[PDB]
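Take a look at the structure below.
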Amino acid sequence: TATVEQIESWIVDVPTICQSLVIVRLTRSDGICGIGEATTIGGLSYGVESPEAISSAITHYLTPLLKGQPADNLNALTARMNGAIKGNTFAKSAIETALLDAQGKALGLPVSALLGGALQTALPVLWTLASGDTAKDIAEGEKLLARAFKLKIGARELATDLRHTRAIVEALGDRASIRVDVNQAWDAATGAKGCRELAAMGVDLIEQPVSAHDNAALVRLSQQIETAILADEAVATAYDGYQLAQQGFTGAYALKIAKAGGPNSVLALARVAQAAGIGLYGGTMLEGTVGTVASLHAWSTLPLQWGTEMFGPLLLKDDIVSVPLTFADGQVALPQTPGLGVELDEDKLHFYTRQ
Amino acid sequence: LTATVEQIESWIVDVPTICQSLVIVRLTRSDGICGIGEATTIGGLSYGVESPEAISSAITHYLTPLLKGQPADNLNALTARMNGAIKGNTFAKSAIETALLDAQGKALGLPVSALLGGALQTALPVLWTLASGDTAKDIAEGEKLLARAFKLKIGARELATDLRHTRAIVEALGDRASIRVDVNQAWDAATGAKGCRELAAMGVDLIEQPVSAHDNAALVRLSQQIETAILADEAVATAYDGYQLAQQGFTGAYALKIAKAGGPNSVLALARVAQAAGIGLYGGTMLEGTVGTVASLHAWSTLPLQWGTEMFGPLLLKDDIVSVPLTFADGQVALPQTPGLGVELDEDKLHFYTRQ
Amino acid sequence: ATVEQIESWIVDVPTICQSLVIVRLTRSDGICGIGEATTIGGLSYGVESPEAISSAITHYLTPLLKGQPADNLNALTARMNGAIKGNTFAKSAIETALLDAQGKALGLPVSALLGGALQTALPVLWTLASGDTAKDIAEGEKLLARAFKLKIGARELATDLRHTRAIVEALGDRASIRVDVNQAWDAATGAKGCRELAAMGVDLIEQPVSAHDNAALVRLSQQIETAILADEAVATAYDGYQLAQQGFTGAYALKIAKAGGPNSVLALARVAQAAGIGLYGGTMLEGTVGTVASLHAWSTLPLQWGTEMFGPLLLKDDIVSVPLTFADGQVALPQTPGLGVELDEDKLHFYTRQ
Amino acid sequence: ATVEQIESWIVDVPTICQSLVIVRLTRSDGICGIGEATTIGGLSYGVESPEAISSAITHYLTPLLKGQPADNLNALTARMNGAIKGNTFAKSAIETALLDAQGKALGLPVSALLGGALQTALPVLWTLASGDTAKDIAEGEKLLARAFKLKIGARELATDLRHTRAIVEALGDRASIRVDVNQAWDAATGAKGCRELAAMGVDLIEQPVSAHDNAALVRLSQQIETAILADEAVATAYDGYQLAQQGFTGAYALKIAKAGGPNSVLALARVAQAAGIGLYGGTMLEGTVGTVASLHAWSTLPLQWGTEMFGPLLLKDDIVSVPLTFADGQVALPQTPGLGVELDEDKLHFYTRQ
Ligand SMILES: [Mg+2]
Ligand SMILES: [Mg+2]
Ligand SMILES: [Mg+2]
Ligand SMILES: [Mg+2]
């Protein structure tokens, strides 16, 4: 017993080493509260959901729809949310995260336990190399080697992006796992040539080389390229995961709570992938501490062949939590106290709130 | 909140029917909390590859030494350990998973349905099966209930006879009743095509596993050409089977059963695969007593089941090994919402009905 | 003549322990036949354990078969499959015993009952799996002084590949090198691993991915540049047809335990032949009884990939009076009535578990 | 025991003439077996004529087999197929004689050599093909005094459909009505004709289109609302697998002549079973020898569609000492050593061609 009596949200702009986060605080009738985060990148340049539209969905639609409803019935709450609201998975993710945080506090259990239990309490976290200068990247990756790196490419001519990558592989490749992310930039022709070259040089994983508008090409590449392919934008929900797998895609999926609608909702996609023999990867939308740890609790319950990229907090100069997660030796420690394991620093929350 | 499994006990129990052999398990944690579970089948080895004695064997010789000493609150870790060391034996795994969930539910003061994300419904529909082998007897029985869904078992007689049998029941329990049939793998491809066409034509709403699980190809073809819904049973046990069949083009519904998947939580993966693929859901049974039946109901409660459930197993027994049975009424069963499964073991009965 | 009685024992024998389920079937005409159903590591490699196999025989197959005509294998098989789902290991032991007894009754070796042996000497490879590359190479070198099967999949991919590469370079010149991943690899690892294996010259890759992913197995068979051997992916003739129809190309690891016996496995073999799929005489590491039973069946077929019937060579002792003669990478097939081996009652009772 | 001699005669027996190719194989141990290879209409229905069948036996199979061990069917079969392409009719006769002889040597009926009979009495339907509806109905009514096969395809579609329709009306309530188009319909006629046949209650439609169009046969089996029986489209286990993999659903008309003998045909049967294809005991209108040889094989299998082994009933005389017993829509399978039939020397010499 206990219902959701209040839902608050704020658009927070925190300084980066500005990132806009949509923070939510949900209060249950039993006095317990929970927090959640929905963050994206580049306004509307990378996703259809912007911070202001995410805020809007929570305030005008999710709040009145959920207030008064039993707060512990995740399945019933999710059915209601999906039945009354199409898409808007980022907004839903923030809400679902807050619900789990509050429920965990009410039971004295970490979200991971609510999700069936953690397979591990320390998760691997890779580092992305994208300084714009090959020399810097190699240097930065070199200090960390003193074990997995993600290179962002697709913004330059193919020849230059390949030279850049090859340089990094030859310098770091024998001691680290090299992955690249083209984030939809390549057309089918460039994709085929680029992927063949990336595979030939030793790249371990190629992320979303073609547009999500061309899953047919993605499938073809996964069946012809001699290295692993990681689907990102091509797969958001369990429905997408089944569809792409059925179509013949082979490789891995970049799981993201924001694309699926939450720490719990993303698990359906995970199990569908597993059933189809698709590998798993813990993805991010560059969330701050709240959204990152929320994702981590879910990732902890699954075997993640490809690791995770939950380094979002490490890109911020400041966050809205009182205590940040602890990162060390290419890993992040998963809190195991009640709920998410982090708390809202109200002073910082107000300081960074947009308006 | 946390504890390790200290002991695991199991008994083969033979209970009288209106005997059905149940494999009951009691798992004891280091905090003193106990959880119970049930693994039951039909007709020894005639319907499945796991018999009551082999199930008992799997629990005693393999699952027990594998799980004792392990944290009992971490179902994901325990499941990975179980599947990593034990191939198949989903019936045995289901009894253990059920007990683990029962115990952690009691530990959190929550019903299993809540541990599974929450119940969408706390009262579930339960149809009745007509399988007396006599058309007249079946109609009478069904007539009594109509004073709403019936599952007719066929496939034991010549096609013409089974079709006349079903047609008679359809005419009699006409308007106010959903008629489903279960051939349980009995038909060859040719007989199945003819039989299924006739069944669809007479108004049957669902045809369960018309052909052999050795011929999923035929099952898929039938689901694409037959003018009524097809329900897969033996053709789908785990989420892996579920994905494969759907990818192959099967359209219709899946008969979810905790025994086939490995428990109340494990079966949920199959359910999600089905949902992602547009395949309907049905709450199936292996004719479990009260323990296995309620374990299944807790899982079924968290899902939208278009085809309802067939959890009438307890109603076929003259006695069970629980202190208090579930309450059935008006084509439904009430789902307990107390901590754990909501049912308690009656030790006096347990010992009385134990085989040895 | 009818089946009058069926006895079974779980026997734990010492290795260089292996648990065998031995069966003795008694016909109404005084003739007895023996059979064996053995697996590896309890329930770690298959769904049928020694105790579950014993249970199937004692509680279900015995009461089902007692009183039935013992010479009608077709009728007996139909009855068994009609009343018993799966449990192919138990059935294999029973079918073996029926054939052994039948052969004795007719004064013919089991191979003759199965239509006649094409050869009486079968090739037997050796498996290198000490976990140590240097040891494996040494051991294989001692034999070349010519087919080896390497077990991998228990370590990081790079390690297993380096391990296999070292063995191929040292023994590859004069020996067929095959590997067995026994379902260990996920799809991505499988693609990379298989390509690397093919590139280094491995002749056959056995069950690289999980039986839960026949789609991956099919894909790999169509793209990898070396032969793929299906094991767990194919047990019965039904599986054999399905996988072939799906597009799998390569070979099948025939095992009497997976199919239900020396005769039952022949149906899978014919389905494979019809589909252009190669054959391999597989084992579950059976003792002398189950090994010779498999051998009689294998003798009747063209086995492109040979056999791995070296199970008895891993035992310090067995429950038979006289073992099979292994020599020069081959094993001699007995041609006396029945299986050609007899149960040593003292050892049987000595090694019986209960 | 080796094959010492092989004799063969082209025999022309009177009908109610049919040309049979009879074989007698003598083993070094004095035991002999007989076989039969028969066809219909010279070369109008198959590629193997009685004279070509005789030639294959005399000029090729005989020198190939003489001197070889007579009890190893597998070895003999590999030798025969390795040296001779096709010519399954000739091989069937030789294989039958080998089994007959082996059975006598072991004191077992051929069915037992094939693993055991599931039944010793098999259903036999009657073919109505007088070309006249009235005559067909009369003959059918006389037999009902359980299953009929109507031959059609030689006339206009509307003519054949009205014909079958009349027969279904007259005999349909007391018997299973099947039709055989024997490859006569083009694809368009087949679609229209098969839909009409299904709608009027026909239980099985045999080979409606040409074997040159398996694609059409597959399409029809997937859209027609009644069972389809493949005949010319499937002869060997290879054909059986290919057609099944292509998507064909229905049944196969097994024939020892098409596969190469009572044993050889079993591989096709197992492939069909593995793929979920039903079985039917087919005939080329063999006399008693060829017919009983088929029956022994059919007895070991579950035949959902029965058999059409009525060949002997069309003859005024045969070359056997004692004919099979047909009664109550069935035929009795002899269970004495070998085939269970003996060659009648006088009748044999009397009917030998030249
Ligand atoms: Mg992306
Ligand atoms: Mg069933
Ligand atoms: Mg294996
Ligand atoms: Mg024909």
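Side chains included, hydrogens not; waters and symmetry mates left out as well; all remaining heavy atoms used. In what follows, chains carry the letters A, B, and so on, assigned in the order in which the sequence lines appear, proteins first and then strands, with residues in each chain numbered from 1.
- Nearest heavy-atom pair, D/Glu308 versus D/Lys149, reported as atom, atom and distance to 0.1 Å: OE1-NZ, 2.8 Å.
- No donor-acceptor pair under 3.5 Å is formed between the side chain of B/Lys153 and the backbone N or O of B/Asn184.
- Side-chain contact check for D/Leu295 versus D/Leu324: some heavy-atom pair is nearer than 4.5 Å.
- The backbone N or O of D/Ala297 lies less than 3.5 Å from a partner atom in the side chain of D/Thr300, making a donor-acceptor pair.
- Rounding to the nearest 0.5 Å places CD of D/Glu286 at 10.5 Å from CZ of D/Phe310.
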Trace of the side-chain contact (heavy atoms from CB on, under 4.5 Å) decision for D/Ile22 with D/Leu343: CA-CA 10 Å; D/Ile22 300 303; D/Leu343 191 66; 4.2 Å; yes

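- Summarising the local packing, NZ of B/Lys194 is surrounded by 12 or fewer heavy atoms from other residues, nucleotides or ligands at distances under 6.0 Å.
- Atoms NE2 and CD1, from B/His165 and B/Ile154 in turn, are 7.5 Å apart once rounded to the nearest 0.5 Å.
- Taking every heavy atom of both residues into account, D/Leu268 and D/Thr236 meet most closely at CG-O, 3.4 Å.
- Residues D/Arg270 and D/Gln273 have side chains that bring a donor and an acceptor to within less than 3.5 angstrom of each other.
- The environment of B/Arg197 atom CZ is dense: over 12 non-hydrogen atoms of other residues, nucleotides or ligands sit within 6.0 angstrom.
- Partners of C/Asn72 according to the side chain to side chain donor-acceptor pair (under 3.5 Å) rule, which considers only residues two or more places apart in sequence or in another chain, do not exist here.
- Counting heavy atoms from C-beta outward, B/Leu199 and B/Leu163 have side chains that approach closer than 4.5 Å.
- Within a 6.0 Å radius of CD in D/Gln223, more than 12 heavy atoms belonging to other residues, nucleotides or ligands are found.
- Atom CZ of B/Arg164 has 12 or fewer heavy atoms from other residues, nucleotides or ligands within 6.0 Å.
- Counting only heavy atoms from C-beta outward, the side chains of D/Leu333 and D/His296 approach each other to under 4.5 Å.
- Using a 3.5 Å distance cut-off with no hydrogens or angles, the side chains of D/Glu95 and D/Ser264 do pair a donor with an acceptor.
- Residues D/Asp317 and D/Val13 fail the side-chain proximity criterion, which asks for heavy atoms closer than 4.5 Å.
- Ring planes of C/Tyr238 and B/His214: parallel class, angle under 30° (limits at 30 and 60°).
- Judged purely by atom type and a 3.5 angstrom limit, D/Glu342 has no side-chain atom pairing as donor or acceptor with the backbone of D/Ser321.
- Separating the NZ atom in D/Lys255 from the CG atom in D/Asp231 is a distance of 3.5 Å, to the nearest 0.5 Å.
- Minimum heavy-atom separation, D/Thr38 to D/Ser19: CG2-O, 3.5 Å.
- Between B/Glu198 and B/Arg167, at least one side-chain nitrogen of the basic residue sits less than 4.0 Å from a carboxylate oxygen of the acidic one, meeting the salt-bridge criterion.
- Residue D/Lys142 places its NZ atom among more than 12 non-hydrogen atoms of other residues, nucleotides or ligands, all under 6.0 Å distant.
- A donor-acceptor pair under 3.5 Å links the side-chain atoms of D/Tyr252 to the main chain of D/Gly240, judged by distance alone.
- Side-chain contact check for B/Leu130 versus B/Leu173: some heavy-atom pair is nearer than 4.5 Å.
- The backbone N or O of D/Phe89 sits less than 3.5 Å from a side-chain atom of D/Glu48, completing a donor-acceptor pair.
- A distance-only check finds no donor-acceptor pair linking the side chain of D/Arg174 to the backbone of D/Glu141 [under 3.5 Å].
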Worked check of side-chain contact (heavy atoms from CB on, under 4.5 Å) between D/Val124 and D/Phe326: CA-CA 8 Å; D/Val124 176; D/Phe326 291 86; 4.3 Å; yes

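- Using modelled atom types, one finds a donor on one side chain and an acceptor on the other under 3.5 Å when comparing D/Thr189 with D/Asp186.
- In this structure, a donor-acceptor pair under 3.5 Å is absent between the side chains of D/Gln222 and D/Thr249.
- In this structure the side chain of D/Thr120 never reaches within 4.5 angstrom of the side chain of D/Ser299, judged on heavy atoms.
- For the pair D/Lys347 and D/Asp318, the tightest heavy-atom approach, listed with the atom from each and the gap, is CD-O, 3.3 Å.
- In this structure, the side chain of D/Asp203 does not engage the main chain of D/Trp305 through any donor-acceptor pair within 3.5 Å.
- At least one side-chain heavy atom of D/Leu315 sits less than 4.5 Å from a side-chain heavy atom of D/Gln18.
- Between the side chain of C/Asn74 and the backbone N or O of D/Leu118 there is no donor-acceptor pair closer than 3.5 Å.
- For the atom pair OG1 of B/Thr228 and CG of B/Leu222, the computed distance is 12.5 Å after rounding to the nearest 0.5 Å.
- For D/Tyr45 and D/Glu232, the side-chain atoms include no donor-acceptor pair closer than 3.5 Å.
- When atom types are taken as modelled, the side chain of B/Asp138 and the backbone of B/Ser132 share a donor-acceptor pair closer than 3.5 angstrom.
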Pair D/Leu301-D/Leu254, side-chain contact (heavy atoms from CB on, under 4.5 Å): steps then yes or no: CA-CA 11 Å; D/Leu301 308 161; D/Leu254 306 171; 3.9 Å; yes

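- Looking at B/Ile207, B/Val211, B/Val183 one by one, the single match for side chain to side chain contact (heavy atoms under 4.5 Å, CB included) with B/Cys196 turns out to be B/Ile207.
- Within the model, atoms CG of D/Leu339 and CG of D/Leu99 stand 7.5 Å from one another, a figure rounded to the nearest 0.5 Å.
- Minimum interatomic distance between B/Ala235 and B/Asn216 (heavy atoms only, all atoms of both residues): CB-ND2, 3.3 Å.
- In terms of heavy-atom proximity, B/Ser223 sits nearest to B/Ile230 at CA-CG1, 3.7 Å.
- Taking 4.5 Å as the limit, some side-chain heavy atom of D/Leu217 sits within range of a side-chain heavy atom of D/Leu243.
- D/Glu36 places a side-chain N or O within donor-acceptor distance of the main-chain N or O of D/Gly287, the cut-off being under 3.5 Å.
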Verdict with reasoning, B/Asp215 to B/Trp187, per side-chain contact (heavy atoms from CB on, under 4.5 Å): CA-CA 10 Å; B/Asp215 201 351; B/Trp187 297 337; over 6 Å; no

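- The line from OG1 of D/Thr307 to CG of D/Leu122 is 6.0 Å long, rounded to the nearest 0.5 Å.
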